[PDB]
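Here the structure is laid out as structure tokens; the discussion comes afterwards.
In the deposited numbering, the protein residues as written are 102 to 430.
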């Protein structure tokens with residue numbers, strides 16, 4: 102009953118009430134707190150930023166005859182890494198290793214994430230991974246995603262290529278997370294052929310490519326300036342069958358608009374209208390502005406008349422573009 106109350110207080114943010122209840126139960130013989138209650142209190146203190154209170158509660162465990170486990174060390178390492186203290190997490194891991202405490206896969210993943218977030222070199226992450234592998238670590242799906250994101254955070258071109266190839270060459274690849282991380286890594290160094298490769302691996306892996314992943318691929322293709330690759334990514338998103346909003350349609354309009362023909366953009370709008378894509382007022386403002394600069398002052402007026410019935414609240418940009426088209430025509 103005490104653990105459930107502590108979990109409810111942590112989910113509700115009642116750190117003060119939880120600390121008061123813990124301090125009251127510490128003096129009660131019939132309600133002595135166990136290691137689980139201490140870990141819950143430490144987590145509730147760390148979630149609110151009470152590092153000093155959490156450290157005091159962890160230190161008072163030996164005076165209260167409370168057993169210490171790898172869970173407390175992992176929670177401390179995670180709390181240290183959440184503030185960018187990679188050195189503190191490394192020191193805590195070294196102290197746990199010196200204390201004959203066998204680290205787990207979760208602790209190693211948390212240490213790697215803290216080192217990646219704190220700005221540590223890729224050599225340190227590689228050494229930590231080698232030490233974990235030499236200690237018989239257990240790989241996991243979230244652990245694989247974090248290991249793939251590590252080399253991406255490294256920022257090196259070779260590191261990005263290794264992050265992209267770790268899922269492919271090893272034969273074990275996640276559905277969306279690892280593919281998205283590898284695509285984001287390849288985008289920085291430059292994905293000459295990995296842009297379509299990540300989308301193909303995500304699609305033919307056994308699960309349809311997510312709308313978010315296909316939209317990210319289309320945005321990466323548009324950022325590079327490849328109109329053909331963006332059209333291919335849009336066609337792949339449409340063929341995949343995943344529920345996609347008009348974000349890719351707006352991206353295509355911004356790109357077709359760059360071309361200025363805006364015939365592809367017009368098609369994107371018609372495709373959004375037919376496939377019941379989520380209409381966006383920002384996309385309307387963007388498309389209208391591009392169309393207005395091109396001409397179509399009457400088409401802009403018709404679009405405004407249609408949006409009047411569409412019950413879409415306008416904005417500064419939409420009204421400004423409409424009145425600019427009206428003044429120019």
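Backbone N, C-alpha and C define an ideal beta-carbon position, used for all residues, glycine too.
1. If you draw a straight line from the C-alpha of residue 348 to the C-alpha of residue 306, how long is it?
2. Mind the definition here: the segment 249 to 263 touches the segment 278 to 291 only if three or more C-beta pairs lie below 8 Å; say whether that holds.
3. Quick check on the burial criterion: 16 or more other C-beta atoms within 10 angstroms. Buried or exposed for residue 422?
4. On the DSSP letters alone, give me the boundaries of the alpha helix (DSSP H) that residue 351 sits inside.
5. Only counting the same chain, and skipping five residues up and downstream in sequence, which positions put a Cβ closer than 8 Å to that of residue 104?
6. Out of 249, 109, 376 and 208, point me to the one whose CA is closest to residue 271's CA.
7. Look at the Cβ atom of residue 158, then the Cβ atom of residue 211, and state whether they are nearer than 9 Å.
8. Can you give the Cα-Cα distance for residue 175 and residue 208, rounded to whole angstroms?
9. Indicate whether residue 280 and residue 325 have their beta-carbon atoms separated by less than 9 Å.
10. Fully enclosed by the segment 293 to 379, which alpha helix (DSSP H) runs are 4 residues long or longer?
11. If you measure between the beta carbons of residue 395 and residue 363, is that distance less than 9 Å?
12. Going by the CB atoms, is the gap between residue 391 and residue 366 shorter than 9 Å?
13. Pick from 294, 346 and 251: whose alpha carbon is nearest that of residue 377?
14. Starting from residue 428, trace the alpha helix (DSSP H) both ways and give me its first and last residue.
15. Which residue wins for smallest C-alpha separation from residue 300, given the options 316, 405 and 290?
16. So what does DSSP say about residue 205, is it helix, strand or coil?
17. Check each candidate in 222, 403, 183 and 170 and name the one with the smallest Cα separation from residue 197.
18. I need the DSSP call for residue 266, collapsed to helix, strand or coil.
19. Helix, strand or coil: which one does DSSP assign to residue 186?
20. For residue 375 and residue 369, what's the separation of their Cα atoms in angstroms?
21. For residue 410, would you say it is in contact with chain C, using Cβ-to-Cβ distances shorter than 9 Å as the test?
22. So, using beta-carbon positions, are residue 251 and residue 214 closer together than 9 Å?
23. Keeping to the same chain, check which residues put their C-beta closer than 6 Å to that of residue 132; ignore five residues upstream and five downstream.
24. In chain order, what residues of the same chain lie with their CB nearer than 6 Å to the CB of residue 357, ignoring the 5 residues before and after it?
25. Along the chain, where does the alpha helix (DSSP H) containing residue 233 start, and where does it finish?
26. Going by beta carbon distance, what residues of the same chain come within less than 8 Å of residue 186, once the five residues before and after it are set aside?
27. Could you tell me the boundaries of the alpha helix (DSSP H) in which residue 162 lies?
28. Cα separation between residue 191 and residue 417?
29. Measuring only the C-alpha atoms, how far is residue 303 from residue 354?
30. Around the Cβ of residue 420, are there at least 16 other Cβ atoms within 10 angstroms (buried) or fewer (exposed)?
31. Please state if the CB of residue 111 and the CB of residue 152 are separated by a distance shorter than 9 Å.
Answer, in terms of the structure:
1. 25 Å
2. yes
3. buried
4. 348 to 360
5. 137, 138 and 141
6. 249
7. no
8. 5 Å
9. no
10. 295 to 305, 312 to 325, 328 to 341, 348 to 360 and 364 to 375
11. yes
12. yes
13. 346
14. 417 to 429
15. 316
16. coil
17. 170
18. helix
19. coil
20. 10 Å
21. No chain C appears in the structure shown, which is made up of a single protein chain.
22. yes
23. 126
24. 363, 365 and 366
25. 223 to 235
26. 215 and 219
27. First-last for residue 162: undefined, no H or E at that position.
28. 51 Å
29. 25 Å
30. exposed
31. no
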